[PDB]
Amino acid sequence: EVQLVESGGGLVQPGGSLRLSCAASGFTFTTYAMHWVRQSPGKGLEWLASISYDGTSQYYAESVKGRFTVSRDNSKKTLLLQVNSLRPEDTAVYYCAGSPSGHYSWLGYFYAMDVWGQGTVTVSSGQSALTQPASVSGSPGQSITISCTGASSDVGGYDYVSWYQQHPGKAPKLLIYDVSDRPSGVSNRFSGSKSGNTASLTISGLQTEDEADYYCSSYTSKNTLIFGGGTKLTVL
Amino acid sequence: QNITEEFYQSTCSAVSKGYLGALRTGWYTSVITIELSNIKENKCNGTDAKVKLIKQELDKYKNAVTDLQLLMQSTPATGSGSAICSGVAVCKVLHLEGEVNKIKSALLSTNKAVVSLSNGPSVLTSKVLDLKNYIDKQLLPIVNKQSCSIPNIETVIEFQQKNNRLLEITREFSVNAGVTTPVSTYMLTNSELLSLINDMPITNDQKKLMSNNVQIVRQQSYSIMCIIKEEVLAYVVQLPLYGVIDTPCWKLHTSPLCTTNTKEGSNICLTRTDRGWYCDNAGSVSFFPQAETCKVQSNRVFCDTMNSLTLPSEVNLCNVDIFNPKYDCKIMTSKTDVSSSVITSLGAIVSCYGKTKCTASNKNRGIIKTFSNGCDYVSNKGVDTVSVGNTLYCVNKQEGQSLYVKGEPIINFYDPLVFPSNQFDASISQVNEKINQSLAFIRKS
Ligand SMILES: *[C@@H]1O[C@H](CO)[C@@H](O)[C@H](O)[C@H]1NC(C)=O
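Cut-offs and rules
- Residues numbered from 1 in each chain as written, not as in the entry; some residues may be left out.
- Chains lettered and ligands numbered in written order.
- Heavy atoms only, no water.
- Domains from an automatic or database assignment.
- Contact = heavy atoms within 4.5 Å.
- Buried area = accessible area lost by both parts, 1.4 Å probe.
- Salt bridge = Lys/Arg side-chain N within 4 Å of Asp/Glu carboxyl O.
- Polar contact = N/O pair within 3.5 Å; in protein donor to acceptor, adjacent residues only side chain to side chain.
- Helix = DSSP H or I, 4+ residues; strand = E, 2+ residues; numbered from the N terminus.
- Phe/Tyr/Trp six-rings, centres within 6.5 Å; stacked < 30°, edge-to-face > 60°.
- Buried < 20%, exposed > 50% of the residue type's maximum accessible area, 1.4 Å probe, protein only.
- Pairing = 2+ DSSP bridges.
- Axes fitted to C-alpha atoms, helices over the stretch in contact; angles between N-to-C directions.
- Disulfide = S-S within 2.5 Å.

- Method of structure determination, per the deposited record: X-ray crystallography was used for this entry, reaching 4.02 Å resolution.

**Quick look at the domain arrangement of chain A**
Residues and elements named next belong to chain A.
For step 1, the next point in the chain: Assigned domains within chain A: domain 1 (3-123) and domain 2 (135-229).
For step 2, the next point in the chain: Computed over C-alpha atoms, the centres of domain 1 and domain 2 are 22 Å apart.
For step 3, the next point in the chain: Domain 1 puts 20 residues into the contact, and the matching count from domain 2 is 22 residues.
For step 4, the next point in the chain: Interface area for domain 1 against domain 2, summed over the two sides, is near 1,800 Å², with a carbon-plus-sulfur share of 63%.
For step 5, the next point in the chain: The interface formed by domain 1 and domain 2 holds zero salt bridges in total.
For step 6, the next point in the chain: On inspection of domain 1 and its partner domain 2, the count reaches nine residue pairs in polar contact.
For step 7, the next point in the chain: Of all the elements in the fold, those that place two or more residues in the side of domain 1 that touches domain 2 are β5 (33-39), β6 (45-51) and β7 (58-60).

**Let's talk about the packing of aromatic side chains**
All names here are of chain A.
For step 1, the next point in the chain: Evaluation of the coordinates by the stated rule reveals 24 aromatic pairs over all chains.
For step 2, the next point in the chain: Ring centres of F27 and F29 lie 5.8 Å apart, and the angle between their planes is 50°; this geometry places the pair in the tilted category.
For step 3, the next point in the chain: With a relative accessible area of 12%, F27 lands in the buried category.
For step 4, the next point in the chain: Ring geometry for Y111 and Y160: centres 5.0 Å apart, planes at 45°, overall tilted.
For step 5, the next point in the chain: What makes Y111 buried here is its relative accessible area of 4%.
For step 6, the next point in the chain: Taken together, the ring pairs in this structure connect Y104, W106, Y109, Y111, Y158, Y160 and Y219 into an aromatic cluster.

**Considering the sheet that holds strand β20 (residues 374-379) of chain B**
Residues and elements named next belong to chain B.
For step 1, the next point in the chain: Pairing is antiparallel across the open sheet formed by three strands, whose spatial order is β17-β18-β20. Strands at the two margins of the open sheet, each flanked by one partner only, are β17 (340-343) and β20. Looking at each pair of strands side by side, their axes are set apart by 15° on average, direction ignored.
For step 2, the next point in the chain: Looking at chain direction, strand β18 (residues 347-352) and β20 are connected through six bridges and run antiparallel.

**Section: the domain arrangement of chain B**
All names here are of chain B.
For step 1, the next point in the chain: Domain annotation for chain B reports domain 1 (4-23 + 245-443) and domain 2 (29-240).
For step 2, the next point in the chain: In this assembly, eleven residues from domain 1 lie in contact with ten residues from domain 2.
For step 3, the next point in the chain: With both sides pooled, the region where domain 1 packs onto domain 2 buries about 790 Å², and carbon together with sulfur makes up 68% of that total.
For step 4, the next point in the chain: The three residues of domain 1 that bury the most area against domain 2 are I245, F302 and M306, which together make up 60% of that side's buried surface.
For step 5, the next point in the chain: Counting the contacts that link domain 1 with domain 2 gives zero salt bridges.
For step 6, the next point in the chain: For the side of domain 1 that touches domain 2, the secondary-structure elements that each account for two or more residues are β13 (294-297) and β14 (300-304).

**Describing the state of the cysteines**
Residues and elements named next belong to chain B.
For step 1, the next point in the chain: For the coordinates displayed, the defined rule picks out ten disulfides over all chains.
For step 2, the next point in the chain: With its sulfur 2.0 Å from that of its partner, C91 forms a disulfide with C226. Taking the sign of the S-S torsion, -90° for the link of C91 and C226, the bridge is left-handed. A residue pair is termed long-range when its members are at least 10 positions apart, and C91 in helix α2 (residues 85-94) and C226 in strand β7 (residues 222-228) qualify at 135 residues.
For step 3, the next point in the chain: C91 sits in the buried class, given a relative accessible area of 7%.
For step 4, the next point in the chain: A disulfide bridge connects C258 with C269, and the sulfur atoms are separated by 2.0 Å. Judged by the sign of its S-S torsion, about 115°, the bond between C258 and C269 is right-handed.

Below, the structure written as C-alpha cells:
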C-alpha cells in the first residue's frame, strides 16, 4: 500500500497556466525522490522532471525546460508541477512516480521508477530518443527478446538501464533496475542484459498475462532520462 | 578627540586618557552552511592521468567528509566554556532531527535567510559554498560510467578550486577540536563578513565600527562546528557585539620606586599594581588585567568584558593621591632595586637604580639627558629612543600633549627598616596597618 494519487486536470484552455500535484501515503516522503512522466494517447512515454529528497536539486528534460517547474512541500507531503503556456501538443495523461533512494541528489542515484499512480488527463482543443521494436509475435511456452538500442551517452556508457511493464490502461510496474537486478514481486522469467550500446530484456515461458507494452529507460550522461518507443507483445 | 597624558611623579605612574572605547558585551551567532554531496563513486577502468587526478581529488573530498563526520561523533572537549556556550546551544539545537531540514528549506532560493528555531532564536543562516551543485552536475556523469570517460583539464582545475576551501575548513576544525579562533577567510570570506555585519541588528555606528576594523572583529570571534547530516555541513560563527561605543578609557603604566642608597640592603622598593586598561562603563570602571583582552586601533580600543573586574570609579583617584584612604589603592613591595623602563603611549617612564647606564639618545642629536637614580618620565616631543643598560626601547611618536603633574615620590615617606618588603601584593590600608603594627612592636621593647 505505497499509494500515489495524481490530481488536477480535466479540460483546459490552450494558454494560461495549470497546476498538477501528487499525494503520498504508505511510505516516508523524506526518503523518496519524485518524477513526473507523461504519455500522449496511443503513443509512447516521455520523461519530464525529477527532484531530490530535499528539493534542493531539480533537473529537467530539454524539450520541456522553462515552461515547466517542479516543486515539493515536504511539510505537507505533496509534489507539485506547474504548467505555463499550454500547447495543443501537450494533451496527455500525466503520471506521478517515485524512486526509493534517499539522502542522495544526483539524478543517477535514483534513475529508476518503481511506484506509480493512476494519472490525470489534461486536454486542449481548438518524442523518443531511445528506440525499440513494435511488432513482437510470440507463441506461448517460447522465448522472445526485445531490443532497446541507445548510443554510448545512454545505456552504452552507463550500466544504468531500467525496464517497465505497462498494461493497456493502467500504471507501469517496474521489472528491471540497474542492468539485470529486479525488485520483489517480479517473476524469475523477467531478466535483462546489456551488450555494448544495446540492452535486452528476455522472457521465457510466455503466458497470457504478458501480452502488453514494454518500455526502457536509461541515464543519459546529459543529466536527464530517456524513454524508448514501446513494444507490443502478442500472445498466440 | 585628542589623546593626552598625565605622569604622576608621586606614584611613578602614567595615565593615557582620551581613547574612545568599544567594550564587548554580547554575542551574535549566525549559521554558515555548505551544501555537500553524498556520493557513492564507483570503480571504472582508469589509467590516464586525468581520471586519476579526478579520483584523487574526489578521494580527498570523501576523506574530508568522513573526517568531519567523526569530528562531531567525538569532539567532547571544550576550549573555553565561558565563551562558546551561546554557539554550542545552537549546535545542540541543530542536532535535533528535522531542524537541519528546516534551515535546508529556508535557504533553498537565496544565499542568506533568517530561520526561527524551535527554541525561539532568530538566527541568520548563510550558504557560502555549493559543492553539491558542482559534483552532481559536472563530476558524477564523468566518473560513474563503466570505464571512466576522459575529462578535460579545466574540470580538474575548477574542482580543485572548489574543493580547496572545504579541505582547509576541515583542516582547521580537525586540528582545534572543532573550535577555531580567529575566524579565517576560509571560515568566512571578507565579502560574507561585511554582508553579515551589514545585516546585524546593531546601530549604524556599530556597523561602521566593525567594518573599518574587520581584523579586530575577526580576532574577537569564534567558529564552532555543528553537524554534518543529509549532505549539509553547518557551523556557527559567533561575532562580538559592542554595546558600548565611544566610551572614555584610561591606560595605567607603572614602574618601581626605590630609594637611592649605595647599599642594596638599605633600599626599599615599591611598585603600583593593577596596571593596564581602565574604561568607563555605566558610571563604573572596568579593569582588564589580561593583555590580550584589549586590542587597540589608533584612537580606538576594542576590549572584552568576559575576564574583567568591575571597580568603583574612585580607583582612578589613585593616580593623583595614592595615600588616600577613600579608596584602598593596592601596591606591591620588595627590596629588589632592578632598573627598568616602560614605554607609555605618549612617552616613557624610566626607573634607574644602582650601577646602571640610563640614557635617551636621539638619531639626529646625541644624548640630551642621562638619568640619575630614581623614577622619571619623558615626553615623546623631541625624544626618539631610550636606552637602559644594554637594552634599547623605542618611544611611540604619536602626536599629543603631555602634562607633568608634580609631586614628591612617596618612597621618601617610608622608614626602610620596618617596611614590609616581603608582603608582595597589598592594599594601601594593609601596609598602613603593618606600619601601625611595627610601631606597636617598638613601644613595648
Ligand atoms: C595608625 O595610627 C595613627 C595614629 O593616630 C592613626 O591616625 C592612623 O589612622 C592609623 N592607621 C591605621 C591603618 O590604623
